[PDB]
Amino acid sequence: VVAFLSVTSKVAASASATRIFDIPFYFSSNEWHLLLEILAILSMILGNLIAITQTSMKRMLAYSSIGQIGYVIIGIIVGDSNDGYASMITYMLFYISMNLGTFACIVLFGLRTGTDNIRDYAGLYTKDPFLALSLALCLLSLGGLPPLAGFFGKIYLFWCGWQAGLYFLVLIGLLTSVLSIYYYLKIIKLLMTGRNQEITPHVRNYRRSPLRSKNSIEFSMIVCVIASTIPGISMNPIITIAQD
Amino acid sequence: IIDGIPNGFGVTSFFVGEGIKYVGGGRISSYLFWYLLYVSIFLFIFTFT
Amino acid sequence: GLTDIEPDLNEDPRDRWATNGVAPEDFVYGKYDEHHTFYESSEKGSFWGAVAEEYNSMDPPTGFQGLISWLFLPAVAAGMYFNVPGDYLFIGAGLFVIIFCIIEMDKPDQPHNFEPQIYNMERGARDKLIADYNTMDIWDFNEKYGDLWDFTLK
Amino acid sequence: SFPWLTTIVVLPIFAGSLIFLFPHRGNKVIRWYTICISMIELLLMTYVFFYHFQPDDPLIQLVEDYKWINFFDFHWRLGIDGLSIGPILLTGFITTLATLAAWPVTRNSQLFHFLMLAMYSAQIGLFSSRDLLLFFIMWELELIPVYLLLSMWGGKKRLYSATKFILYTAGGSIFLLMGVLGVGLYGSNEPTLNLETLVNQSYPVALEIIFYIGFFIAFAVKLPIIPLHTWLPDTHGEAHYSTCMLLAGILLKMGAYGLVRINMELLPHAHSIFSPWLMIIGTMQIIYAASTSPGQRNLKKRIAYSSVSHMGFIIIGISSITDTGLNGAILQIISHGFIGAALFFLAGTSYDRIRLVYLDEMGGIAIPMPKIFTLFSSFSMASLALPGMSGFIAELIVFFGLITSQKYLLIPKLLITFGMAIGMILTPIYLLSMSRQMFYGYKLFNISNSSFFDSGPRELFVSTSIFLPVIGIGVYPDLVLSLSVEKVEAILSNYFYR
Amino acid sequence: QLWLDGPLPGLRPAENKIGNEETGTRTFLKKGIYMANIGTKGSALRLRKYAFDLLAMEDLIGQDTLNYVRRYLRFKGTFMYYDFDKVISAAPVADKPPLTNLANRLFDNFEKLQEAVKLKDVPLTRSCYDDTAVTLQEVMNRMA
Amino acid sequence: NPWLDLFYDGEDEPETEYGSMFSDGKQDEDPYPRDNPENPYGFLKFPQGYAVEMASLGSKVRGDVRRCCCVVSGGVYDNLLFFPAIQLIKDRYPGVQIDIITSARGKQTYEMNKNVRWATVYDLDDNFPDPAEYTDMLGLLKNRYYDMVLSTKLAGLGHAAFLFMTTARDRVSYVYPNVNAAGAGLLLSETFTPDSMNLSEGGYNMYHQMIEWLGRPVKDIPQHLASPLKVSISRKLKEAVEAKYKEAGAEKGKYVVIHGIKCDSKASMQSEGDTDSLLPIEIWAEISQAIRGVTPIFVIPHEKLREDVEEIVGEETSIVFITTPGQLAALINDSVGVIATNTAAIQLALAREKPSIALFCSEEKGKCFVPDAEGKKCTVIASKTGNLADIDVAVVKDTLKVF
Ligand SMILES: CC1=C(/C=C/C(C)=C/C=C/C(C)=C/C=C\C=C(C)\C=C\C=C(C)\C=C\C2=C(C)CCCC2(C)C)C(C)(C)CCC1
Ligand SMILES: CCC[C@H]1CC[C@H]([C@H]2CC[C@@H](O[C@@H]3O[C@H](CO)[C@@H](O[C@H]4O[C@H](CO)[C@@H](O)[C@H](O)[C@H]4O)[C@H](O)[C@H]3O)CC2)CC1
Ligand SMILES: CCC[C@H]1CC[C@H]([C@H]2CC[C@@H](O[C@@H]3O[C@H](CO)[C@@H](O[C@H]4O[C@H](CO)[C@@H](O)[C@H](O)[C@H]4O)[C@H](O)[C@H]3O)CC2)CC1
């Protein structure tokens, strides 16, 4: 349910915000532009700073979501002229796969393990290399790491911001993206601990079991997307600049 | 001195993050009060001044 | 190194820039420095015997692998001297590399090729592991001794 | 017609993606497959350099242009010239030898060799990229492999070193991205990122200066420039020596390559403005690192600070606006890629036996380990700018480029020429002392250290195969300079009156 | 003053009319070469020495090493061009026309040699270099 | 204080239940989540209704700790006296892993501890540390994910901030009694004010406030007390010290351990609350002349003192070089008696139940450091003038027949 409210709530609210700030409120653009600029700068600054001091995975993903929403807000701020709404989508489409994969891995890990603390994610690579690989790929896509969807999504979001002259917003986005590597790397640093003394008994008694399960298919439809959409970021925008 | 700047950046980032995390309280009444103070501030900024 | 017992901490400081050898007053000159420690002997072996022993101690490739590894460089030098096309040289070098690597993959595995957990098990169990890994297929080995590579199990 | 450069870039990462299909245990099959891929790729670059690269051509060669994203006008564009083929060959050589020297690695060998092949592909893609955003992507594509290599095969403080490295590189590379956005959006009609059409662009002085600063912050984070060098000592000291080859021989030269390709070529006016201030910075960097090196008790930290010191000659040759200075900078790039990698390799192999860190407790290693002593002394002599080695001729050509420079008049030309000279007084002072604290003196060693303790055939071959080009270039420097005498001249052709 | 501010100065035009008639400059000249200021005597000594250096270029002429011939020709040609300008500018007024004629013939030979090198024609390079050789021998005989 | 925690609404009502699962008991009693071998996908067996992630519930509801970080200041003596606190943490919180941060000398104390997972060396006395080392230690503490951190070091603002950035749920520390510790309690979950600027001035019960806070009765859990000091000696230490005293000529169960020879060595294992705990070698020779039938072994912390002893008590005596506290405890274990000045030797004798004689500079220090000497087979011979060199050798000679 929290994964649903992470991906479904932001899409509908983004659509409502775009259709309520452009159609009935275009005459007062100089006010809600400032409101959205404050709302985005504070969001990235106070969603990426608190996420690096988190001991729970779901809460860290919460601060992650309230950080990544500020990148999408730039698409509303720039407007429909310098792409803009075409950069809201082609990043929200990315964000859906990123968050649903990084929540599917959490779902499987919690179901087979029974925990939510980040400290119990140590040594998952030794037990389930596939799950650790998929979670690491989802988190690195979340951090905007190069060969994964978040990096191209962020450079698409920042190209329109620079084209519209919003140097402050793009600079804050890049600085907060730098801050947004320490987490999405802390979990991987835990995942690659071979120290048996630091491995929690939660993952010591971990049974992967010889069955596929439904979530594996659902996130195999996702992990192969956040990595292999990186060439297909020319097919998506021509469906998103066509709208106006 | 020279190496104190990046490590100082990291330490100050950690301290500010911890302070912002701990300063709220986690109570619902505090959540509502902080959610409403900034609404009042926005209303005073964009209408009065 | 490694200490099973906590070592005694250094109470007295030492100069960082000083030489770390023994003191010059404790130096046995002529012995610690190899200056009077070589007395000749009628029993000196053959030069080519020493060459062969040193070459064989490195465990050279033998057979076809030894043949190609011996004949690669003179063939390349002759081809470059005789102005033969270089594409043939590149084809030969690539074929030599691929053949050498495939032959080396075909060679049996040794105890030092595995993880320290696999190296430091019971010696008889390790010997049985090495004997099986070079005998049965990799899929049968993985379905039989797979759980030995879950290092968190123990 | 055939996509040679695309195949060269794609082959290592594509082959390493298939390393997870292997169900074998151990490291034998994985390392032999990886060395097969590395040697096949090396032969491919050798064929390209032999048959399709012309050193007399100052233009771009073997170009390939495939439109990938229409919105950014962004193309997968590849091309080589006299500037790039040297770093490309050095990347292939050093990466193959680092794969060969990483053979005792038995813990997570599959991931290790996959990351090595990914690093191969990323470095080659950077050195042969003719698109600004492609350059930025290939620049970014190494943050994760080096982070994983550090955090999983490093030293005692590997995790802090990896975090510091990735955060510092991201902090530089966001300025790199801002510079890319600024340069690629300056077009009045449509955005453009091709370097060929950007080399003729005209900017106002202030905007050119801002773009130069945006690129130079990144190229000073990567190529160590005072005071943006603090990531390097703990990153290189606490890394695996095989990874240290790529870190101190290849990744350090990428900042210099970006400085020539972007700062020196695309923006000549801002470079002429900034170069006299770069000369003082380079001289003070040489002095500062050559003075920091005696203060380091750790051996690898001393070698890392020596690398920072040696980068100052590259900075000087960049800032001295002559063909001779740029040729000396390229020669020093090649020389340092041949020297620092071997020094780090010898340090790691020696630590694998002695298992000691600080120099004040490693006396008498020359008695059980004489061959590594010989190689360490020879590579220290190469570091010492001794004639017969590439370092001496590189520094001499940099000195000549400063002396023959027309931008500076007399007194600075004196005070800089004296400056680096102080450096080659300070460079012996620690280096030999290092050897004196690492090999000289007598210590009673164990009998088990009498045999099967020295460097084997593999380590001897690696050290010899990196030492031989040093002698070959120190005897005949035009084995390297003749590849880039023409193109450098073209780079200089924009710095004179027209 | 410590350093130059604008772009570096290019090829300074000669004031003795030793350049090409149509262009005013020679093709083999290279910008950015450091010429030491010695004077008329030093320029004459360098002129003779570098004429000998260019007459040492028989071995470099070949099908595989024409680029190095062109590089050495441009380097030494710039050097002797500006040395010839210096020595003509300080020569007595009676001796200026023959020195200018000799310099013009030598630089025309330089252009012909560079043109032959550009087309990668070896017999043409050899013939043009033979004419250049007799002109260089005349130059050292004049300036001994 | 109202301005800090707005909307306090008092404490919890007496009828609040905090749910059913992970509510009462200890950490080892939780029945859920349990293994489900019948599940084809490896999912565990979870209770009806409850969310899958239940391991985080115990920290919020029951206040369970699984990893604890005790940053113990001082040398060998303080880290040794912290052993009952570590045993109290182990008893109160089953299955907990306890990591120790201390100095280089204090790290060797935990060689003979069965409860500590990691012992780490960190220069706590440096008020201006290296930024790289400080950042590395802080990141290490952050990455261990400690549930609770305790600090015996007197914490100012800087130490409180260092504990704050540890991301620990409970941050407990001793603070400075002066005004310089203002604002430190804001960043700490719990604060203790000692009776002096030196925590080691207190004796065996110097950590009594921390012991009381660790064993308080909360939520139908009975109050937990502190066990007497105990140590566990491994076989390697025993063999090493056996070789060490066999080179000195003594044999097993036929020697006594003399400790407290005056020297400038830092391995004397003294306490910061007793700086006078050293006796000159002449008084030690006078005392050891009265030993009959049992070979007196002199423990020297530095080899440079050895020759001095060889020219004070005699060349034909038994001298043993001990620097590591595990080796000292192993020597005391195989002995029959300990004649020690106020060092860690008398505490290890109390741990190994050996009859021993404690020489103190004052009676107050004697009763504070060993409050139960009479019960634990010890006689406290304290100097009547407050100076240890003014002790009378006649009383010690009379008392030395207990062995
Ligand atoms: C740049 C480059 C390169 C190239 C290089 C070259 C070109 C080389 C050459 C070289 C040469 C052409 C050489 C010749 C000759 C040599 C010799 C003749 C030598 C001798 C030696 C000896 C005899 C010995 C030595 C030693 C050792 C080994 C070590 C120790 C010390 C000693 C010194 C003893 C490459 C490809 C790598 C790649 C990358 C880039
Ligand atoms: C300069 C850096 C930025 C900033 C400086 C000031 C920093 C905070 C630190 C701490 C915070 O604490 C305040 O005090 C209260 C205690 O009552 C808390 O309330 C607790 O109450 C319970 C324990 O009493 C806990 O169970 C609750 O989780 C928590 O609510 C309250 O959070 C907070 O108001 C004040 C200053 C932050 C960094
Ligand atoms: C231009 C470089 C100068 C110098 C020229 C001479 C060069 C050596 C090369 C190698 C060696 O050839 C071999 O040496 C020996 C001859 O006497 C015979 O070996 C037997 O005599 C040795 C003499 O003590 C004994 O040690 C051996 O046990 C015994 O087998 C061997 O047949 C012959 O092949 C001499 C010329 C070096 C460079």
# chains A, B, ... in the order shown; residues from 1 in each chain; ligands from 1
$ interface_residues --of "chain D" --to "chain E" --cutoff "8 Å" --atoms "only C-alpha atoms" --output "list in words"
residues 56, 269, 272, 273, 276, 322, 323, 404, 405, 406, 407, 408, 409, 410, 411, 412, 495, 496, 497 and 498 of chain D
$ residues_around --residues "segment 15-21 of chain B" --least-positions-apart "2" --cutoff "6 Å" --atoms "only C-alpha atoms" --output "VMD selection string"
(chain A and resid 49 to 50) or (chain B and resid 12 to 13 23)
$ write_last_selection --atoms "N, CA and C atoms" --output "PDB file, in the first residue's frame"
ATOM      1  N   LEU A  49      18.754  15.622   2.842  1.00  0.00           N
ATOM      2  CA  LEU A  49      19.589  15.755   4.030  1.00  0.00           C
ATOM      3  C   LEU A  49      19.162  14.801   5.139  1.00  0.00           C
ATOM      4  N   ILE A  50      17.855  14.622   5.341  1.00  0.00           N
ATOM      5  CA  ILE A  50      17.395  13.750   6.418  1.00  0.00           C
ATOM      6  C   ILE A  50      17.490  12.277   6.043  1.00  0.00           C
TER       7      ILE A  50
ATOM      8  N   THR B  12      29.127  18.527   9.100  1.00  0.00           N
ATOM      9  CA  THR B  12      28.042  19.494   9.216  1.00  0.00           C
ATOM     10  C   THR B  12      26.765  18.992   8.556  1.00  0.00           C
ATOM     11  N   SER B  13      26.877  18.273   7.436  1.00  0.00           N
ATOM     12  CA  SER B  13      25.694  17.682   6.817  1.00  0.00           C
ATOM     13  C   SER B  13      25.041  16.671   7.751  1.00  0.00           C
ATOM     14  N   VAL B  23      14.285  17.675  15.704  1.00  0.00           N
ATOM     15  CA  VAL B  23      13.693  18.903  16.229  1.00  0.00           C
ATOM     16  C   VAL B  23      12.165  18.878  16.224  1.00  0.00           C
TER      17      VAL B  23
END
$ residues_near_ligand --ligand "ligand 3" --cutoff "7 Å" --atoms "only C-alpha atoms and all ligand atoms" --output "PyMOL selection string"
chain C and resi 44-48
$ interface_residues --of "chain F" --to "chain C" --cutoff "12 Å" --atoms "only C-alpha atoms" --output "ChimeraX atom specification"
/F:103-112,119,233-241,264-268,301-304,321-328
$ residues_near_ligand --ligand "ligand 2" --cutoff "12 Å" --atoms "only C-alpha atoms and all ligand atoms" --output "count of residues only"
57
$ closest_residue --among "F:129, F:217, F:25, F:293" --to "chain B" --atoms "only C-alpha atoms"
F:129
$ closest_residue --among "D:338, D:400, D:351, D:175" --to "residue 171 of chain A" --atoms "only C-alpha atoms"
D:175
$ closest_residue --among "D:456, D:155, D:370, D:79" --to "residue 355 of chain D" --atoms "only C-alpha atoms"
D:155
$ residues_around --residues "residue 399 of chain F" --least-positions-apart "3" --cutoff "9 Å" --atoms "only C-alpha atoms" --output "JSON, numbers by chain"
{"F": [357, 379, 381, 394, 395, 396, 402]}
$ interface_residues --of "chain A" --to "chain C" --cutoff "8 Å" --atoms "only C-alpha atoms" --output "PyMOL selection string"
chain A and resi 123+126-127+196+199+204-205
$ residues_near_ligand --ligand "ligand 1" --cutoff "6 Å" --atoms "only C-alpha atoms and all ligand atoms" --output "list in words"
residues 86, 89, 90, 93, 374, 375, 378, 464, 468, 469, 471, 472, 479 and 480 of chain D
$ closest_atom_pairs --of "chain A" --to "chain D" --cutoff "9 Å" --atoms "only C-alpha atoms" --output "Markdown table"
| residue | atom | partner | partner_atom | distance |
| --- | --- | --- | --- | --- |
| A:140 | CA | D:144 | CA | 8.9 |
| A:145 | CA | D:144 | CA | 7.8 |
| A:146 | CA | D:141 | CA | 5.6 |
| A:147 | CA | D:141 | CA | 7.0 |
| A:155 | CA | D:177 | CA | 8.7 |
| A:156 | CA | D:72 | CA | 8.7 |
| A:158 | CA | D:181 | CA | 8.8 |
| A:159 | CA | D:181 | CA | 6.9 |
| A:162 | CA | D:181 | CA | 7.1 |
| A:163 | CA | D:185 | CA | 7.3 |
| A:170 | CA | D:178 | CA | 8.8 |
| A:171 | CA | D:178 | CA | 8.2 |
| A:174 | CA | D:174 | CA | 6.1 |
| A:175 | CA | D:171 | CA | 7.5 |
| A:177 | CA | D:170 | CA | 8.8 |
| A:178 | CA | D:170 | CA | 5.9 |
| A:179 | CA | D:167 | CA | 8.0 |
| A:181 | CA | D:167 | CA | 7.7 |
| A:182 | CA | D:163 | CA | 7.3 |
| A:185 | CA | D:163 | CA | 8.7 |
| A:189 | CA | D:151 | CA | 7.6 |
| A:192 | CA | D:152 | CA | 7.4 |
| A:193 | CA | D:152 | CA | 8.3 |
| A:231 | CA | D:68 | CA | 7.5 |
| A:232 | CA | D:68 | CA | 8.7 |
| A:233 | CA | D:69 | CA | 6.9 |
| A:234 | CA | D:69 | CA | 5.1 |
| A:235 | CA | D:69 | CA | 8.8 |
| A:237 | CA | D:71 | CA | 8.3 |
$ write_last_selection --atoms "N, CA and C atoms" --output "compact mmCIF listing (two decimals), in the first residue's frame"
# COMPACT_ATOMS: atom_id res chain seq x y z
N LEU A 140 20.62 2.47 -7.27
CA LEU A 140 21.53 3.27 -8.09
C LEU A 140 20.78 4.05 -9.16
N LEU A 145 22.60 7.37 -11.03
CA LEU A 145 23.86 6.82 -11.47
C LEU A 145 23.82 6.55 -12.98
N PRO A 146 24.96 6.66 -13.67
CA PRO A 146 24.96 6.95 -15.13
C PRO A 146 24.19 5.94 -15.98
N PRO A 147 24.50 4.64 -15.96
CA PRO A 147 23.88 3.76 -16.95
C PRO A 147 22.45 3.36 -16.64
N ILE A 155 19.09 14.45 -16.14
CA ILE A 155 19.68 15.38 -17.10
C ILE A 155 18.62 15.94 -18.04
N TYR A 156 17.57 15.16 -18.34
CA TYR A 156 16.43 15.71 -19.08
C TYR A 156 15.71 16.78 -18.27
N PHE A 158 17.04 18.67 -15.99
CA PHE A 158 17.92 19.81 -15.81
C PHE A 158 18.20 20.56 -17.10
N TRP A 159 18.09 19.89 -18.25
CA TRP A 159 18.25 20.57 -19.53
C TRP A 159 17.17 21.62 -19.73
N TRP A 162 17.83 24.56 -17.21
CA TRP A 162 18.87 25.46 -17.70
C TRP A 162 18.38 26.25 -18.90
N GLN A 163 17.60 25.62 -19.78
CA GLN A 163 17.08 26.31 -20.96
C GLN A 163 16.13 27.44 -20.57
N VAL A 170 18.51 24.28 -10.83
CA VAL A 170 19.34 23.19 -11.35
C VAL A 170 20.56 22.97 -10.46
N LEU A 171 21.15 24.06 -9.95
CA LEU A 171 22.30 23.92 -9.06
C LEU A 171 21.92 23.22 -7.76
N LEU A 174 21.41 19.54 -8.53
CA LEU A 174 22.66 18.80 -8.68
C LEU A 174 23.36 18.58 -7.34
N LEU A 175 23.36 19.61 -6.48
CA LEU A 175 23.97 19.45 -5.16
C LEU A 175 23.22 18.42 -4.32
N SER A 177 21.46 15.98 -5.57
CA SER A 177 21.73 14.69 -6.18
C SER A 177 23.07 14.13 -5.73
N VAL A 178 24.07 15.00 -5.54
CA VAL A 178 25.34 14.57 -4.95
C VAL A 178 25.11 14.08 -3.53
N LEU A 179 24.31 14.81 -2.75
CA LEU A 179 23.94 14.35 -1.41
C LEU A 179 23.16 13.04 -1.45
N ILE A 181 23.65 10.33 -3.04
CA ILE A 181 24.42 9.15 -3.38
C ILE A 181 24.84 8.39 -2.13
N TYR A 182 25.14 9.11 -1.04
CA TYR A 182 25.55 8.50 0.21
C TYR A 182 24.51 7.51 0.72
N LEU A 185 23.88 4.37 -1.57
CA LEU A 185 25.13 3.63 -1.49
C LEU A 185 25.36 2.98 -0.14
N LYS A 189 26.56 -0.80 0.49
CA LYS A 189 27.70 -1.05 1.37
C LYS A 189 27.37 -2.10 2.41
N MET A 192 27.10 -5.69 0.65
CA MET A 192 28.35 -6.34 0.26
C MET A 192 29.29 -6.56 1.44
N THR A 193 28.75 -6.80 2.64
CA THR A 193 29.58 -7.13 3.79
C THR A 193 29.74 -8.65 3.88
N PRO A 231 18.74 3.42 -23.37
CA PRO A 231 18.78 3.76 -24.80
C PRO A 231 17.46 4.28 -25.32
N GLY A 232 16.34 3.84 -24.74
CA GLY A 232 15.03 4.19 -25.24
C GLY A 232 14.46 5.48 -24.68
N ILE A 233 15.31 6.48 -24.44
CA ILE A 233 14.86 7.79 -24.01
C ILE A 233 14.72 8.73 -25.22
N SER A 234 14.65 8.17 -26.42
CA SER A 234 14.20 8.91 -27.59
C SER A 234 12.81 8.50 -28.05
N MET A 235 12.38 7.27 -27.73
CA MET A 235 11.03 6.84 -28.04
C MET A 235 10.01 7.47 -27.10
N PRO A 237 10.10 10.52 -25.21
CA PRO A 237 9.76 11.95 -25.27
C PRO A 237 8.90 12.34 -26.46
$ residues_around --residues "residue 99 of chain F" --least-positions-apart "3" --cutoff "8 Å" --atoms "only C-alpha atoms" --output "mmCIF file with N, CA, C and O atoms, in the first residue's frame"
data_model
loop_
_atom_site.group_PDB
_atom_site.id
_atom_site.type_symbol
_atom_site.label_atom_id
_atom_site.label_comp_id
_atom_site.auth_asym_id
_atom_site.auth_seq_id
_atom_site.Cartn_x
_atom_site.Cartn_y
_atom_site.Cartn_z
ATOM 1 N N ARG F 67 22.559 -3.984 19.299
ATOM 2 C CA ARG F 67 23.946 -3.556 19.229
ATOM 3 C C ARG F 67 24.124 -2.353 20.139
ATOM 4 O O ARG F 67 23.395 -1.365 20.016
ATOM 5 N N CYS F 68 25.087 -2.441 21.051
ATOM 6 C CA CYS F 68 25.373 -1.383 22.006
ATOM 7 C C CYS F 68 26.811 -0.920 21.835
ATOM 8 O O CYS F 68 27.698 -1.725 21.535
ATOM 9 N N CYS F 69 27.041 0.377 22.023
ATOM 10 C CA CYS F 69 28.375 0.953 21.882
ATOM 11 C C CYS F 69 28.763 1.641 23.183
ATOM 12 O O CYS F 69 28.204 2.687 23.524
ATOM 13 N N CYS F 70 29.733 1.073 23.891
ATOM 14 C CA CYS F 70 30.229 1.645 25.137
ATOM 15 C C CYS F 70 31.566 2.324 24.863
ATOM 16 O O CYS F 70 32.587 1.653 24.685
ATOM 17 N N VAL F 116 32.294 -8.862 24.631
ATOM 18 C CA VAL F 116 32.553 -7.795 23.672
ATOM 19 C C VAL F 116 32.767 -8.398 22.289
ATOM 20 O O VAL F 116 33.516 -9.368 22.130
ATOM 21 N N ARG F 117 32.091 -7.834 21.288
ATOM 22 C CA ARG F 117 32.300 -8.254 19.907
ATOM 23 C C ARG F 117 33.522 -7.569 19.303
ATOM 24 O O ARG F 117 34.499 -8.228 18.935
ATOM 25 N N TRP F 118 33.490 -6.243 19.205
ATOM 26 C CA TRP F 118 34.596 -5.467 18.663
ATOM 27 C C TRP F 118 35.141 -4.524 19.725
ATOM 28 O O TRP F 118 34.376 -3.878 20.447
ATOM 29 N N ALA F 119 36.465 -4.447 19.812
ATOM 30 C CA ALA F 119 37.149 -3.449 20.620
ATOM 31 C C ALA F 119 37.970 -2.570 19.690
ATOM 32 O O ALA F 119 38.791 -3.076 18.919
ATOM 33 N N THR F 120 37.745 -1.260 19.759
ATOM 34 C CA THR F 120 38.333 -0.322 18.814
ATOM 35 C C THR F 120 39.138 0.732 19.560
ATOM 36 O O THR F 120 38.740 1.185 20.637
#
$ residues_around --residues "residue 230 of chain A" --least-positions-apart "4" --cutoff "10 Å" --atoms "only C-alpha atoms" --output "ChimeraX atom specification"
/A:94,146-153,225-226,234
$ write_last_selection --atoms "N, CA and C atoms" --output "tab-separated table (two decimals), in the first residue's frame"
chain	number	residue	atom	x	y	z
A	94	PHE	N	9.96	6.94	-15.39
A	94	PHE	CA	11.14	6.36	-14.76
A	94	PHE	C	10.87	6.08	-13.29
A	146	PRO	N	24.96	6.66	-13.67
A	146	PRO	CA	24.96	6.95	-15.13
A	146	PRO	C	24.19	5.94	-15.98
A	147	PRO	N	24.50	4.64	-15.96
A	147	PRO	CA	23.88	3.76	-16.95
A	147	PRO	C	22.45	3.36	-16.64
A	148	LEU	N	21.80	4.03	-15.68
A	148	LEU	CA	20.47	3.67	-15.22
A	148	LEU	C	19.54	4.87	-15.40
A	149	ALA	N	18.23	4.60	-15.32
A	149	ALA	CA	17.21	5.53	-15.81
A	149	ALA	C	17.23	6.89	-15.12
A	150	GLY	N	17.54	6.91	-13.82
A	150	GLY	CA	17.49	8.16	-13.08
A	150	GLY	C	18.46	9.21	-13.57
A	151	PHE	N	19.62	8.79	-14.08
A	151	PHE	CA	20.62	9.74	-14.56
A	151	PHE	C	20.12	10.49	-15.80
A	152	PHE	N	19.63	9.75	-16.80
A	152	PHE	CA	19.09	10.41	-17.99
A	152	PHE	C	17.82	11.19	-17.67
A	153	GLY	N	16.99	10.68	-16.75
A	153	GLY	CA	15.83	11.45	-16.34
A	153	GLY	C	16.20	12.77	-15.70
A	225	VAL	N	13.86	-2.69	-16.95
A	225	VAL	CA	13.38	-1.44	-17.51
A	225	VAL	C	14.24	-0.26	-17.08
A	226	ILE	N	14.56	-0.16	-15.79
A	226	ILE	CA	15.35	0.98	-15.31
A	226	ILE	C	16.77	0.99	-15.85
A	234	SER	N	14.65	8.17	-26.42
A	234	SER	CA	14.20	8.91	-27.59
A	234	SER	C	12.81	8.50	-28.05
$ decode --residues "segment 335-341 of chain D" --atoms "N, CA, C and O atoms" --output "PDB file, in the first residue's frame"
ATOM      1  N   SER D 335      54.535   8.761 -19.351  1.00  0.00           N
ATOM      2  CA  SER D 335      55.568   8.362 -18.401  1.00  0.00           C
ATOM      3  C   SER D 335      54.983   8.068 -17.026  1.00  0.00           C
ATOM      4  O   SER D 335      55.360   7.082 -16.381  1.00  0.00           O
ATOM      5  N   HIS D 336      54.060   8.907 -16.561  1.00  0.00           N
ATOM      6  CA  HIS D 336      53.468   8.682 -15.252  1.00  0.00           C
ATOM      7  C   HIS D 336      52.538   7.479 -15.269  1.00  0.00           C
ATOM      8  O   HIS D 336      52.478   6.727 -14.290  1.00  0.00           O
ATOM      9  N   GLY D 337      51.818   7.267 -16.375  1.00  0.00           N
ATOM     10  CA  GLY D 337      51.045   6.046 -16.511  1.00  0.00           C
ATOM     11  C   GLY D 337      51.896   4.795 -16.512  1.00  0.00           C
ATOM     12  O   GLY D 337      51.419   3.729 -16.111  1.00  0.00           O
ATOM     13  N   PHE D 338      53.147   4.901 -16.957  1.00  0.00           N
ATOM     14  CA  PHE D 338      54.070   3.776 -16.890  1.00  0.00           C
ATOM     15  C   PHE D 338      54.785   3.650 -15.548  1.00  0.00           C
ATOM     16  O   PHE D 338      55.273   2.565 -15.222  1.00  0.00           O
ATOM     17  N   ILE D 339      54.883   4.718 -14.769  1.00  0.00           N
ATOM     18  CA  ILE D 339      55.681   4.699 -13.545  1.00  0.00           C
ATOM     19  C   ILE D 339      54.825   4.480 -12.302  1.00  0.00           C
ATOM     20  O   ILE D 339      55.138   3.625 -11.471  1.00  0.00           O
ATOM     21  N   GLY D 340      53.743   5.250 -12.151  1.00  0.00           N
ATOM     22  CA  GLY D 340      52.944   5.165 -10.939  1.00  0.00           C
ATOM     23  C   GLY D 340      52.235   3.834 -10.785  1.00  0.00           C
ATOM     24  O   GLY D 340      52.125   3.305  -9.674  1.00  0.00           O
ATOM     25  N   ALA D 341      51.747   3.275 -11.895  1.00  0.00           N
ATOM     26  CA  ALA D 341      51.088   1.974 -11.852  1.00  0.00           C
ATOM     27  C   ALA D 341      52.050   0.888 -11.388  1.00  0.00           C
ATOM     28  O   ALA D 341      51.705   0.054 -10.542  1.00  0.00           O
TER      29      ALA D 341
END
